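Before any questions on binding or motion, here is one chain by itself as structure tokens, the form deposited in one PDB entry.
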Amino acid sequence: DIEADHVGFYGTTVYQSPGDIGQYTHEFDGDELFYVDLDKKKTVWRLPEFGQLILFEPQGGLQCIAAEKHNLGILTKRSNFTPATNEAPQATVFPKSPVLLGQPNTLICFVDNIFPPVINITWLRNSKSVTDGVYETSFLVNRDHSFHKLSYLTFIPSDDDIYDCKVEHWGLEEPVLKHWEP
């Protein structure tokens, strides 16, 4: 909607009740700079090189979470306790680079329309859990105030690649098992 050469989110915050779940992140041009590990009080850079000479004081994200906890209490009453609507998330999986037999690659599970921001994304190969080396982003903000998140699974393409991205969310009656079509 607002056009610009660049946009920084220097303050992306979400908090929810009950459950006392939240996150604090910064973004630049739609990519995550860091999140603040609230309980450990520390900045976790999306790529480790980001924080080599630049610091972000984690207290900033703690302040914002504290303010959002307070703000939620007010607005929840003001709304006459209107609850969030659980959305059905949408998953797509695609490779980072062109698939070539034997050549190292990464499967990316892109999960969109996430709301509230609580989800489990996991990977299966040959319908068996694979957790080694899996990485996932923080919740990244959407203009419509839902979220998306990506999970990553390193793999070596093979003859019969059978990979699935499993998404569990309160907005789903059954878990979505999203198959990767090579």
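Between two forms, the rigid core is the largest collection of C-alphas that superpose within 1.5 Å. Residues carry their position along the shown sequence, with the first being 1.
- When 107 to 115 is weighed against 82 to 90, 82 to 90 comes out higher, by mean CA B-factor as recorded in the entry.
- The PDB entry reports B-factors from which the mean C-alpha value can be compared for 153 to 161 and 64 to 72; the larger average falls on 153 to 161.
- Out of 131, 120, 137, 43, it is 131 whose C-alpha atom has the highest B-factor in the PDB entry.
- Across 33, 141, 36, 54, the greatest Cα temperature factor reported in the deposited entry is at 54.
- The PDB entry assigns residue 16 a C-alpha temperature factor belonging to the lowest third of its chain's modelled residues.
- When the modelled residues of the chain are ordered by their C-alpha B factor, residue 147 lands in the lowest third.
One more form of this protein should be noted, the form deposited in another entry, which is absent from this view; the next part is about it.
- Fit the rigid core and compare the CA positions between this form and the one not shown: of 66, 38, 156, 134, just 156 moves by 2 angstroms or more.
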